[PDB]
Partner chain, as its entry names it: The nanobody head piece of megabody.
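As a starting point, one isolated chain is supplied in structure tokens, in the form solved without the partner chain.
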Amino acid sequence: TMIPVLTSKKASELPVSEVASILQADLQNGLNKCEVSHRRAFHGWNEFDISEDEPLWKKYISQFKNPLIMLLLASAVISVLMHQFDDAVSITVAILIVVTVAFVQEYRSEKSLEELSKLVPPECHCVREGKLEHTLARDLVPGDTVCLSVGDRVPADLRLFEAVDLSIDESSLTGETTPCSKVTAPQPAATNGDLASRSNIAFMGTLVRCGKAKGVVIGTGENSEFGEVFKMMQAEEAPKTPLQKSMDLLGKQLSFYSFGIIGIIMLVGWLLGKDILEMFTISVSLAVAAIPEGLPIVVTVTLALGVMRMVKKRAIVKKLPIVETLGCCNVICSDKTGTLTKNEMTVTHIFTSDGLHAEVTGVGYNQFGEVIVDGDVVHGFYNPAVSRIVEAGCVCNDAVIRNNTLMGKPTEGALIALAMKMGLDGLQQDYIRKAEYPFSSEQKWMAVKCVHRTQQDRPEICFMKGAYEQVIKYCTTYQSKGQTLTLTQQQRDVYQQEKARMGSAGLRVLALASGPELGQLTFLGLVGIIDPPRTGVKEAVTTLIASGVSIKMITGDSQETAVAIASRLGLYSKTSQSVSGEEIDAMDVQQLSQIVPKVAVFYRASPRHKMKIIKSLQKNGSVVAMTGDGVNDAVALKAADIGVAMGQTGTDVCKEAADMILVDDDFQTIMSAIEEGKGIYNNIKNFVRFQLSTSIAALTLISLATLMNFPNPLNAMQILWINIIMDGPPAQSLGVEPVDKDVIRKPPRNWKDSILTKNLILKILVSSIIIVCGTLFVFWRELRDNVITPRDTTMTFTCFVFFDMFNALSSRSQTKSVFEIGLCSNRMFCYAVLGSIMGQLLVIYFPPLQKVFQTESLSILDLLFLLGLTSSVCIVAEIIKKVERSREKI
């Protein structure tokens, strides 16, 4: 009927009896089908939400929610209410074409090229009516009895009542590399403050390392340790991306300036005494043209292109604004347990009793790897000492690795991987174990007795593995260069010094011995077990440091491993300092601001502490790219800027928290994202420059026409066509222009800055001045003596169109010019240029088009003269750009 959802705190406080009776849970019979169904109906399913996928309706509707779109719609309405329908129809057709093309492209391409993000369902074991039933964890109910074995994943919060040497790896939500032993007796309230201190509870999403246990589920759904994190992350209003705010501000400023200039032009015309209707129509057309109606479309196109480029490099970006925020990052955080270093112990250094030093290459529980001693490769039984050490580590073992997954203790898995690297994966099968001494905390050693299966007549050989202090007590002799010599005090001191040196580097020293009987075994050597960083981590870190981006590391694990990992990655200096989470919480934030950017190591931290660190780093002004792979980081990933979550060794919460998903865990992918973002920003800047130059030229031409009271060189239809060309498919083609190698070697962009540079403004002004001067010269040559003809208007329109095409051609690359990118790469820009040229030709040479547009036919000689005249601006622009770049670079 009614069951309270017991938290791990209270459940840990209480014992088995009243916890079981509170939930009406039977420890042996479990729950019946009817009770399970009722609990399912009340509490719901055990799995989390699956979010909501937006259908096409409001996805297409939202494209009309831009303020510029509202302005365009209002302008079209006022145009259709003047009983003309021409400008209204043209504007409606243009906006419909642009919006439909952008919507179909984005929706279809994103829905077709983002179907590789598939997940897998979890598994669990349940007992009902005394029968062990294999059922999914997705249907679990509170009060169920769940059996825990080696290698399985804990399905929910389990109140353990029976446990036999159970070991659970909780690094997913705590970050502690060392597994914590699990007990049955309730914990005191005084020691029940920390999450890891709960040794009598089982957390969801953790992996059982060793032992077997049975527990009763206390909380299923959104009311667990994952549930509280999800509740805290529910709203979690993230800051808006800088690109969107900057684009909105630029668009608003441009619209305000255009409206002011339109009002000034209208006032001047009213004082000049001209036709109010024609002036109003021209002002409306100019207001439509000047404001950027294609800037959001080109931004969306560039973001989609970046998403596809990321996908081609095994990445997932399930939203638009992510692509243009990684390049602005100045500081990058990283979690040691899962992102920089996997949760896998691998032997790296082996010490031999005779003084030989061995280095092991390779990571992971796989046969990949190489063992090199004195610069020579050792495989199989080539080196008797290393072979004996590997045999001791493999035969005296209890863990088995199946399908690159470890079932057993991490050190045993490291030993098995080391044996696999030399090709001795099946070495344990040649010995039949007879007597076993299980490893225990008190003894701190494990010993086994075994004989060869084909050599049973051989005397029994005992292999012992454990701590150096315990193995040396049962050791009396050692092997040196194939000779058995008595172990002396000097050799013991040398071994102790070697162990201390290994420990100073963060290596976990493990001792090995072999002999016929206990108390006589022969020392073989020491093996260094340590969690190693991923192969593609050091190079990426070095590249990021050389790029001018600071890197910080948050550990959440013991201090020694933190400093060792930081030193191995080069992020820690011997003169640097680290601060714990308790000191951060106790000490006031007002002074912590000066201490947050000078440090990069945080051995002890909490999800709320990580969020506080994130907020402090962001409050002074910066963009933070913090990664993560567990629930410990999920809230920090969500409540920050762009975050990258590993999609292989990760949880179902980090994938949703972080937009960037790597199906394969790697770090070099961030550099490609930064380069693509820089290229997208360069393309956006070039498009903005071209649009601003065209708008400024048109505004200056109209102002000059209105000022000295001479007939306007262009009508409403020509201005509308110019606007369509300026902010149409040709405009969107400027953002699809391919990337280059010049902007790649550039340091992170600094925000709170204007996108218009001095050189860009000067180039825009020069282009506008040249276009206006050419148009004025053509006009003066047209109506020179006494003639006024619509052919003059057609010539002016053609000259303006040709100038726009030439400006667009030269604006494709900000630093390159013609004959540098190839010019014949089958460009959508070239296709759009050809289409616009054919449309202009059709308009010029069609009696209906000539009637509506008030134009006239031209001649071949006139076309040749126009082509030869509308080419000076591009040549001089490219020449001045080349000479300026050469003088300022060489």
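Residue numbers count along the first chain shown, from 1.
The protein also exists as the form solved in complex with the partner chain; that form is not presented, and the subsequent description refers to it.
Student: What is the one choice in 368, 780, 710, 270 with a heavy atom within 4.5 Å of the partner chain in the entry with it bound?
Tutor: Going through each option in turn, the one that passes is 368.
Student: Would you kindly say which of 179, 362, 466, 306 lies with a heavy atom within 4.5 Å of the partner chain in the entry with it bound?
Tutor: For this set of options, the contacting one is 362.
Student: Picking from 697-705, 284-292, 352-360, 73-81, which part of the chain touches the partner chain in the entry with it bound when contact means heavy atoms within 4.5 Å?
Tutor: Single hit among the candidates: 352-360.
Student: Is there any non-hydrogen atom of residue 769 lying within 4.5 Å of the partner chain in the entry with it bound?
Tutor: Taking the distances in the entry with it bound, the answer for residue 769 is no, it never comes within 4.5 Å of the partner chain.
Student: Check residue 436 for me: does it contact the partner chain in the entry with it bound (non-hydrogen atoms, 4.5 angstroms)?
Tutor: Result no; residue 436 lies far from the partner chain in the entry with it bound.
Student: Does the partner chain get within 4.5 angstroms of any non-hydrogen atom of residue 152 in the entry with it bound?
Tutor: It does not: once the partner chain is placed as it appears in the entry with it bound, residue 152 has no heavy atom within 4.5 Å of it.
Student: Even though the partner chain is not shown here, does residue 379 get within 4.5 Å of it in the entry with it bound, heavy atoms only?
Tutor: Close contact exists here: in the entry with it bound, residue 379 approaches the partner chain to within 4.5 Å, heavy atoms only.
Student: Can you name the residues of 485-522 that have a heavy atom within 4.5 Å of the partner chain in the entry with it bound?
Tutor: If the 4.5 Å heavy-atom criterion is applied to the partner chain in the entry with it bound, 485-522 yields 498, 501, 502, 505, 507.
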